[PDB]
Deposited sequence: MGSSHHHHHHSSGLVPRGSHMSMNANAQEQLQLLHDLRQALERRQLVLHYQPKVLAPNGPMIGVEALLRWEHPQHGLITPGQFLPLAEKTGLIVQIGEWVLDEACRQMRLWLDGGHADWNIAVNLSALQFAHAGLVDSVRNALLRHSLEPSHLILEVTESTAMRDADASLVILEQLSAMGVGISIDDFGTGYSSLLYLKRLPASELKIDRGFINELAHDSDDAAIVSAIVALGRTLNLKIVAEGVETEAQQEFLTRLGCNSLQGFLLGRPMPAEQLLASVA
């Protein structure tokens, strides 16, 4: 068992309290960018995912701790026939309210076969699980399906969060995502917040919550305290 979760805080804007964490997988000390693609191609991602989901639910129970936890799903995990049985079973196993668990799938993953995403996410949403669309702005979305999917939040891609000059293309895109949130009834999370000016500007643009190194780096449950 060399697999460990690190947790990164999500924080209500403007400076408001921490409302939850994202679980981030780690393995020397190996980062997931170095091995998740091999796991995806080989199918080992599905067992690793079962372990991640279980450990996140276990940790949340242990804490419960007035907050929720977000787990990432790769394209294979999202499409895997077992996914929805397994989410329901993991919440049942730990007697954990479904409102405490968030599942993140990327824009690309969700939009690849939107009708199939809809069958899967509708089940998940009827069970009460929070559904987040990650890396938003980096894929291709149908506005029609963006409304139809029972998502509760979009997470702005880290790639748009750099110098964020007021007249930048990046700022326009952040504004557009915020406006999608406002018109489609979705919370918007900015990810990759490293500086005070980003925090301030993203808050004024109307992001609902923030994640990034400035607010807290990923760390193991113990160090998080």
No C-alpha coordinates anywhere in a stretch? Then put that deposited-sequence range on the list, in order along the chain. 1 to 43, 71 to 75, 113 to 116, 278 to 281
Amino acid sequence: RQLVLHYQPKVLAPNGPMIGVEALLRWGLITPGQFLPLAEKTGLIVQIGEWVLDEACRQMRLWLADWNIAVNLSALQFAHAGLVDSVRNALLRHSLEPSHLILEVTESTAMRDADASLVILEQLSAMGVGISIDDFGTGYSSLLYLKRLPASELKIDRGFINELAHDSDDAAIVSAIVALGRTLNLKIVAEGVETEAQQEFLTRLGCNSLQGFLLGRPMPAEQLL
From here on, numbers count along this sequence of modelled residues.
Using only the Cα atoms and their B-factors as the entry lists them, report which of 144 to 152 and 93 to 101 averages higher. 93 to 101
For the C-alpha atoms alone, is the average B factor greater in 199 to 207 or in 5 to 13, going by the entry? 5 to 13
When the CA B-factors of 123, 132, 138, 72 are compared as recorded in the entry, which is the largest? 123
Top Cα B factor in the deposited entry, candidates 158, 58, 166, 187: 58
Rank-wise, by C-alpha B-factor, drop residue 85 into the lowest, middle or highest third of its chain. highest
Is the Cα B-factor recorded for residue 192 in the lowest, middle or highest third of its chain? lowest
Report the third (lowest, middle or highest) to which the CA temperature factor of residue 28 belongs, ranking only the modelled residues of the same chain. highest
Would you please rank residue 170 by its C-alpha temperature factor against the other modelled residues of its chain and give the third it falls in: lowest, middle or highest? lowest
Taking the values exactly as deposited, rank residue 118 by C-alpha B-factor within its chain and report the matching third: lowest, middle or highest. middle
